[PDB]
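# Summary of structural features
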Amino acid sequence: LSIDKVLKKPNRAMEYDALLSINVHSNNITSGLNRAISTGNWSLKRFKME
Amino acid sequence: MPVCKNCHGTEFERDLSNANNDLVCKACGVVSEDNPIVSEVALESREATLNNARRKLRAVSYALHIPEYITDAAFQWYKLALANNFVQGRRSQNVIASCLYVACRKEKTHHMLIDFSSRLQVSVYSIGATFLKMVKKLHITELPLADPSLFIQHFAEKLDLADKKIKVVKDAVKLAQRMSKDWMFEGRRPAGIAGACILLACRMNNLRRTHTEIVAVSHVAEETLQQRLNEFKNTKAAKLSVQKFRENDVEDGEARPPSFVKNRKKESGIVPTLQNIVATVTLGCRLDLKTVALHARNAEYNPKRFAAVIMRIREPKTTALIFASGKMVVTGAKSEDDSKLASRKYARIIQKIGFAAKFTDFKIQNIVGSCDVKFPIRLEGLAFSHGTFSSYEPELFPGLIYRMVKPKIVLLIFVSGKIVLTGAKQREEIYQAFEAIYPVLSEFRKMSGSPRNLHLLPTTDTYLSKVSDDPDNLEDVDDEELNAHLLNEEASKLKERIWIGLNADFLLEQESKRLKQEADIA
Amino acid sequence: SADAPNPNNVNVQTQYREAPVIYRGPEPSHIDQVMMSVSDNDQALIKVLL
DNA sequence: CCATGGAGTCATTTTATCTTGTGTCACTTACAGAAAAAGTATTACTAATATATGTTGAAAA
Ligand SMILES: [Zn+2]
């Protein structure tokens, strides 16, 4: 999704790596993991079992 | 807050000892609260946009490693700037950007606008522009003046190396401090001089770290870096003290920033000067910019580029302007004797070639002026004092922005003391503002004098009267060179042949959509 | 502080509600090691042990 | 005028369902997109300033 809001609007030639947004987009992997291991409620939608 | 119903006591102690939790006053003994009851355990256009602002806010928030704190600090600023509707039509990033920015500025932390953009492809101007605009549409304090003494911390973090850098830190700090004191700090992009200090103290601690390796975190130019460096090499007691002992020498010596040193390179009682004056004139009739573009010496017309025609002259070296509606702007006028003079003259092509086009609604839209006090100025405390009426941004532009409402003029300021002044419709207002603020200039100095009379030269309307105000006096003031500024018919034939030659694609889609007008009903 | 700040302060951030935490216990005790530090988000952190 | 056929009502199971399940501390941590409106960024002008920036290149060692 966050790769697309660059690519909706053809602003000049769009490349500019689109990468450095990943830090913007991170800690869903970290903080989401901390909060998990501290609280101990594991939300798994992939197996639909929590 | 209540009172003893007996002793009329004004002060209470809760008593937590015996697990009654009484509430009683020293002079009464009567309780007040026994039994201390104590607790335990959608769709709107504006509110939704506030939630979105939260999301784009959090997103950019930790990315720069900023406090969870400062974000909800700045989110409020966004809510505020929404009230004046400054945030409506401008690219959302540039808004959430500065709105997040000024916050961590006020807290005096390390974050930087140049650093702040690279989250985007954008230019550290557009963001800077929007930023400085929301400074106008709100009213903001002086506090956010950053120094390198803050940035050298975080810049030191990514330098790798070892514990020695902390030593280097103090080695750098007192360095930069003296550099601020030695007077060649002002009016420069802070992150650069910070990196310069780091390169120095690092070399002072005898390590090898390349310039590239420095600017990676410093986000400045190599050339800039060593330029500010070599600017440091020749400074006071630079040679003599550059050895050990670090610096126990706090002695400033002299102070000579390159600002007025270049004033020596080409080398009150000094009057501000008139650079240009902007005005307007209405011709009262609409013409064809294409048709007028046919015969002129000074003309260019490309609605694909700009919808109007260029008009200029060699003397008195004026441009002014022309519109399609038959109005115009006046530029290139150093005085009023030149302006209404030229303002009438540009109508001589028209009334010679084009429509009736009389001379109407002549008023100065702005006047430009500049001068120099010939001594240095300390801005860092200037705005820190007068930033109610002033603003100083090291990053964007070197000098200081001053806002005077009385009279209403913006005063552009520099280190050398050269002062450019405009945003005035009146020549007297210039000497008014310059006069009144000059005591602030004499107030801030480091170690002419007499204003004489406040008004010396004749007024503006005198020089406006020195030119005929009657819209029908033209041929009399016709330079006779404009009689020669008409090109012949053939020059318009082949010259227009070139114009349309290149413009048949622009007028192509123009008239093509003019056909789509028929396609509308279809 | 918890209220909504504005770009207006003439002087005071001042007025404080002091809410000291008290040691409510059945027996006298001693304070030995008292730590001052700051977490990753840069906010003062005080931890004392009795 | 009577045995028959057909249906109408009326017990009777067996399936689908829901309320419970010893007590007390002591901590614990509304979808998305569409259109309308508002406003703005260029898009030229001087015109002073003073850094940055790049390049380059020229000039010197
Ligand atoms: Zn009482």
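The deposited coordinates for this entry were obtained by cryo-EM, with a reported resolution of 4.1 Å.

## Looking at the overall build of chain A
Within chain A one finds three helices and zero strands. Along chain A, helices (α) and strands (β) appear in the sequence α-α-α when read from the amino end. Here chain A has a C-alpha radius of gyration of 16 Å; the compact-globule value for 50 residues is 10 Å, and the former is much larger. Considering only C-alpha atoms, chain A reaches an extent of 45 × 20 × 10 Å along its principal axes. Evaluated residue by residue, chain A yields a buried proportion of 4% over its 50 residues. As displayed, chain A has an accessible area near 4900 Å², and 59% of this comes from carbon and sulfur atoms. The averaged location of the 4 negative side-chain charges in chain A is 9 Å from the averaged location of its 8 positive side-chain charges.

## Details of the overall build of chain B
Of the regular secondary structure elements, chain B holds 19 helices and eleven strands. For 522 residues, the compact-globule estimate of 2.2 N^0.38 gives 24 Å, and the C-alpha radius of gyration of chain B, at 33 Å, exceeds that figure by more than 25%. Each principal axis of the C-alpha atoms in chain B carries an extent, and together these give about 110 × 75 × 55 Å.

## Some remarks on the arrangement of the chains
Highest in contacts among the two pairs of chains that touch are chains A and B. If you take every C-alpha in chain A and every C-alpha in chain C, the smallest gap between them is 13 Å, and the two do not touch.

## Let's talk about the packing of aromatic side chains
Within a pair of aromatic rings, the relevant descriptors are the distance that separates the centres and the angle that separates the planes. Residues and elements named next belong to chain B. The full count for this structure, using the stated rule, is seven aromatic pairs over all chains. Ring plane angle 65° and centroid distance 5.2 Å describe the contact between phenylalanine 397 and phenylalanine 414, whose orientation is recorded as edge-to-face. Here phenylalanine 414 lies in the loop between β10 (408–413) and β11 (418–424) and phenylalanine 397 lies in the loop between β8 (390–392) and β9 (400–405), a separation of 17 residues in the sequence. On the basis of relative accessibility, which here comes to 23%, the residue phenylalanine 414 falls in the partly exposed class. The positively charged end of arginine 427 is found above the aromatic ring belonging to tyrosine 463, 4.8 Å away from the centroid. Sitting over the ring of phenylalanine 375, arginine 445 keeps its end group 4.2 Å from the ring centre.

## Some remarks on the environment of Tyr101(B)
All names here are of chain B. Looking at where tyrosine 101 falls in the secondary structure, it is placed in helix α3 (residues 92–106). By relative accessible area, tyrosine 101 is classed as buried at 2%. Linking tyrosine 101 and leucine 57, residues 44 residues apart in sequence, is a C-alpha distance of 11 Å. The residues contacting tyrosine 101, other than those within four sequence positions of it, are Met112, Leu113, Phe131 and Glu395. At 2.3 Å, the side chain of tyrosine 101 forms a polar contact with the side chain of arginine 105.

## Thoughts on the interface of chain A and chain B
Each side of the interface is counted separately: chain A has ten residues, and chain B has eight residues. On the chain A side of the contact with chain B, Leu20(A), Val24(A) and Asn27(A) bury the most area, a combined 56% of that side's loss. If you look at where chain A meets chain B, you find zero salt bridges. Grouping the amino acids of the side of chain A that touches chain B by side-chain chemistry returns three nonpolar, five polar and two charged.

## Digging into the coordination of the zinc ion
Residues and elements named next belong to chain B. Around the zinc ion, the protein contributes the donor atoms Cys4 (SG), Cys7 (SG) and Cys25 (SG), at 2.2 to 2.3 Å from the metal centre. Under the relative-accessibility criterion, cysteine 4 is labelled buried at 3%. Owing to a relative accessible area of 29%, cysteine 7 belongs among the partly exposed residues under this scheme.

## Examining the pattern of salt bridges
All names here are of chain B. Evaluated as defined, the whole model comprises 16 salt bridges over all chains. Here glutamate 254 makes a salt bridge to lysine 236, at a shortest N to O gap of 3.8 Å. Of this pair, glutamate 254 sits in the loop between α11 (238–241) and α12 (258–265) while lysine 236 sits in the loop between α10 (222–233) and α11, and the two are 18 residues apart along the sequence. Between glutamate 315 and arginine 314 there is a salt bridge whose closest N-O contact spans 3.8 Å. A residue is classified by how much of its surface remains accessible, and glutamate 315, at 45% relative accessible area, is partly exposed. Residues joined by salt bridges that share partners form a network here, namely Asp160, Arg209 and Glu213.

## Section: the interface of chain C and chain B
Much of the literature gives interface size as the accessible area that the parts lose upon coming together. In this complex, chain C contributes six residues to the contact, which on the side of chain B involves six residues. Interface area for chain C against chain B, summed over the two sides, is near 560 Å², with a carbon-plus-sulfur share of 64%. Together, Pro7(C), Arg24(C) and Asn41(C) form the three largest contributors to the area buried by chain C at its contact with chain B, with a combined 64%. Taken together, the links from chain C to chain B amount to zero salt bridges.

## Observations concerning the pairing of strand β2 (residues 44–49) of chain C
All names here are of chain C. For β2, the buried fraction is low: zero of the six residues fall into the buried class. In terms of strand pairing, strand β1 (residues 33–38) meets β2 through six bridges, oriented antiparallel. Bridge pairing in β2 links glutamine 33 to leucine 49.

## Regarding the protein's contact with DNA strand D
All names here are of chain B. Residues in close proximity to DNA strand D total 27 residues, the closest being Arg188, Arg189, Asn276, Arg312 and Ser416. Counting only atoms of DNA strand D within 4 Å of the protein, the fraction found in sugar and phosphate groups is 80%. Measuring from a base nitrogen of DNA strand D, one finds a side-chain N or O atom of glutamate 223 at 2.8 Å. For the surface near DNA strand D, the element with the most residues is α10, which contributes three residues.

## Describing helix α9 (residues 211–218) of chain B
Residue and element names in this part refer to chain B. Those residues of α9 lying buried are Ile214, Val215 and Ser218. Down the axis, α9 shows its buried residues gathered within 90° of arc, on one side only. Buried positions along α9 lie against α6 (148–157), α8 (190–204) and α10. Where α9 terminates, the next one or two residues include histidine 219, which has phi positive at roughly 60°.

## Examining the UniProt feature "binding site: Zn(2+)" in chain B
Residue and element names in this part refer to chain B. Per the UniProt record, "binding site: Zn(2+)" is found at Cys4, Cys7, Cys25 and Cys28. Sequence-wise these annotated residues cover 25 residues; spatially they are packed, their C-alpha atoms never more than 8.7 Å apart. Looking at the element boundaries, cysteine 7 is found in the segment before β1 (13–15). On the accessibility criterion, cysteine 28 (23% relative accessible area) is partly exposed. In this structure, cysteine 28 is in contact with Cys4 and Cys7, ignoring residues within four places of it in sequence.

## Details of the sheet that holds β9(B)
Residues and elements named next belong to chain B. Across the sheet, which stays open at both edges, the seven strands sit in the order β6-β3-β7-β11-β10-β9-β8 with antiparallel pairing between neighbours. Looking at which strands have only one partner, the edges of the open sheet turn out to be β6 (327–333) and β8. Mean inter-strand twist for the sheet, computed between neighbouring axes without regard to direction, equals 15°. By the bridge criterion, three bridges tie β10 to β11 in an arrangement that is antiparallel. Across the sheet, residue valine 410 finds its bridge partner in β11, namely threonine 422. Along the sheet, helix α15 (residues 379–386) makes contact with β8, β9 and β10, crossing β8 at roughly 140°. The sheet strands contacting helix α16 (residues 427–443) are β3 (273–282), β7 (360–372), β9, β10 and β11, and the helix crosses β11 at an angle near 135°.

What counts, and where the lines are drawn
Each chain is numbered from 1 in the order of its written sequence, a scheme that can depart from the entry numbering, and any residue without coordinates is omitted. Here the convention is simple: chains get letters from A, ligands get numbers from 1, in the order in which they are written. The assembly from which these chains come is larger than what is shown, and the figures reported cover only the shown chains. The basis for every side-chain value is the complete set of heavy atoms in the structure, and neither hydrogens nor water enter the calculation. Residues with missing side-chain atoms are left out of burial classes, side-chain pairs and their counts. Secondary structure follows DSSP: runs of H or I at least 4 residues long count as helices, runs of E at least 2 residues long count as strands, and numbering of each begins at the N terminus. Atoms counted for the radius of gyration: C-alpha only. Globule rule: 2.2 Å times the number of residues to the power 0.38. For the exposure calls, accessible area comes from a 1.4 Å probe over protein chains only, and a residue counts as buried if that area is under 20% of its type's maximum, exposed if over 50%, partly exposed in between. Each accessible area value is a Shrake-Rupley result obtained with a 1.4 Å probe; residue values ignore everything except the protein chains displayed when judging cover. As used throughout, the charge tally considers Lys and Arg to be positive and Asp and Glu to be negative, leaving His and the chain termini uncounted. Charged groups are reduced to one reference atom each: NZ for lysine, CZ for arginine, CG for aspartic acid, CD for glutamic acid. Residue contacts are counted whenever heavy atoms from the two residues lie within 4.5 Å of one another. A pair of aromatic rings is counted whenever rings of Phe, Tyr or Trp (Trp by its six-membered ring) have centres within 6.5 Å, and the orientation is called stacked for planes under 30 degrees apart, edge-to-face for over 60 and tilted otherwise. Either the NZ atom of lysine or the CZ atom of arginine qualifies as a charge over a ring when it sits within 6 Å of the ring centre and within 35 degrees of the ring normal. Any pair of nitrogen or oxygen atoms within 3.5 Å is treated as a polar contact; in protein, a donor-acceptor pairing is required on top of that, and neighbouring residues in sequence qualify only through side-chain atoms on both sides. Using a 1.4 Å probe, buried area is obtained as the accessible area two parts lose upon being combined, added over both of them. The rule for a salt bridge is simple: a side-chain nitrogen of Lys or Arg has to be within 4 Å of a carboxyl oxygen of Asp or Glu. Charged residues are taken to be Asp, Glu, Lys and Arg, nonpolar residues to be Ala, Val, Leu, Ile, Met, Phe, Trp, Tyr, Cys and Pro, and polar residues to be all remaining types, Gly included. Here the coordinating atoms are restricted to nitrogen, oxygen and sulfur within 2.8 Å of the metal centre, or 3.2 Å for Na, K and Ca, and because water is not among them the sites may look incomplete. Any two strands with at least two DSSP bridges between them are considered paired. Summary of the distance rule: residues count as near a molecule or strand when at least one heavy atom falls within 4 Å of that molecule or strand. The directions considered for the arc are those from the helix axis to the C-beta atoms. UniProt positions are given in the numbering used here, feature names are shortened, and annotations may be inferred rather than shown by experiment. Axes here mean lines fitted to C-alpha atoms, for a helix over just the part in contact, with angles spanning 0 to 180 degrees between N-to-C directions.

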